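Let me begin by presenting the structure, written as structure tokens, before commenting on it.
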Amino acid sequence: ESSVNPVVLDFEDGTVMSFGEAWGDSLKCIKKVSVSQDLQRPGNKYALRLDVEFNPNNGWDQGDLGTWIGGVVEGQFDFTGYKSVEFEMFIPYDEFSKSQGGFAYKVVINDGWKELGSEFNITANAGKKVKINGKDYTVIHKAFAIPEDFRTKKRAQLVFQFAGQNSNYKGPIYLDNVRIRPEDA
Ligand SMILES: [Ca+2]
């Protein structure tokens, strides 16, 4: 089987789907990675919970979270015919709204540290606000292109970098619906 089937890391098997440190001691601001039912709702039972603690004196309080597309560590994945990577992030709105500063993220195919996209200065007023299980969440949703030069066999590590920007936020950030897609961005 050589396909261009969508690769959908939605945590719906109730595992972390190979998410963890991108390299030794890389998690840093991310104090725990777990599979969580906190956002359990019709059609969507599990998400990846990242317990973070940012320091408000640190302008770039980074941590790096990786997964292996295919689960095989130091495996290659053939990105031929894949054109975008999509994801959603959820941050509890009331707690995040009380925090100072903001946070940034990068989405990277880590074969030569190739950034697909990034955003900075995320606060509770970014994206959209959605109520889940009694609680409002700030929701970030983006699709970034896989550039044509990377649509080939590459080291199969997808990395999410998170960085506190003079933030004092201490709480979960949830990741869900990470898709490596044949569709364009
Ligand atoms: Ca899910």
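Letters A, B, ... mark the chains of the structure tokens in the order given; residue numbers begin at 1 per chain; ligand numbers begin at 1, in order shown.
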### Message
Could you list, as a ChimeraX atom specification, every residue within 10 Å of residue 82 of chain A, counting only C-alpha atoms and ignoring same-chain residues fewer than 4 positions away?
### Response
/A:4-7,78,145-148,150-152,180-184
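Using only C-alpha atoms, the contacts of residue 13 of chain A at a cut-off of 12 Å, with sequence neighbours closer than 4 positions omitted, comprise residues 8, 9, 17, 18, 35, 36, 37, 44, 45, 46, 47 and 48 of chain A.
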Quick one: which segment 74-160 of chain A residues come within 12 Å of segment 50-53 of chain A, and what is the nearest atom pair for each with the distance in Å to one decimal, counting only C-alpha atoms, rows ordered by chain and ascending number, as CSV?
```
residue,atom,partner,partner_atom,distance
A:89,CA,A:50,CA,10.2
A:90,CA,A:50,CA,10.2
A:91,CA,A:50,CA,10.0
A:92,CA,A:51,CA,11.8
A:96,CA,A:52,CA,11.7
A:99,CA,A:53,CA,11.4
A:103,CA,A:52,CA,11.0
A:160,CA,A:50,CA,11.3
```
Restrict the selected residues to N, CA and C atoms and save them as a tab-separated table (two decimals), in the first residue's frame.
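Once written, part-v7.tsv looks like this:
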```
chain	number	residue	atom	x	y	z
A	89	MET	N	-5.81	24.14	18.25
A	89	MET	CA	-5.36	24.30	19.63
A	89	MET	C	-6.50	24.92	20.42
A	90	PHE	N	-6.65	24.49	21.68
A	90	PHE	CA	-7.68	24.97	22.58
A	90	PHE	C	-7.02	25.39	23.90
A	91	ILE	N	-7.32	26.60	24.34
A	91	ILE	CA	-6.78	27.14	25.60
A	91	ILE	C	-7.95	27.68	26.43
A	92	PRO	N	-8.12	27.22	27.66
A	92	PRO	CA	-9.25	27.71	28.46
A	92	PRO	C	-9.28	29.25	28.54
A	96	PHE	N	-6.81	31.96	30.52
A	96	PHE	CA	-5.83	32.52	29.57
A	96	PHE	C	-6.03	34.05	29.50
A	99	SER	N	-4.12	36.02	32.14
A	99	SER	CA	-2.65	35.95	32.06
A	99	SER	C	-2.04	37.15	31.35
A	103	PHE	N	1.56	33.86	23.85
A	103	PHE	CA	2.45	32.77	23.42
A	103	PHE	C	2.52	32.69	21.91
A	160	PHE	N	5.82	20.70	16.96
A	160	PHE	CA	5.13	21.90	17.42
A	160	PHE	C	6.00	22.54	18.48
```
### Query
Quick one, how far is atom CA of residue 59 of chain A from atom CA of residue 140 of chain A?
21.1 Å
### Task
Using DSSP on the backbone coordinates, identify the residues of segment 47-165 of chain A assigned to helix (DSSP H, G or I); present them as number ranges by chain.
A: 93-98, 148-150
### Query
So how far away is atom CA of residue 142 of chain A from atom CA of residue 178 of chain A, in Å?
10.0 Å
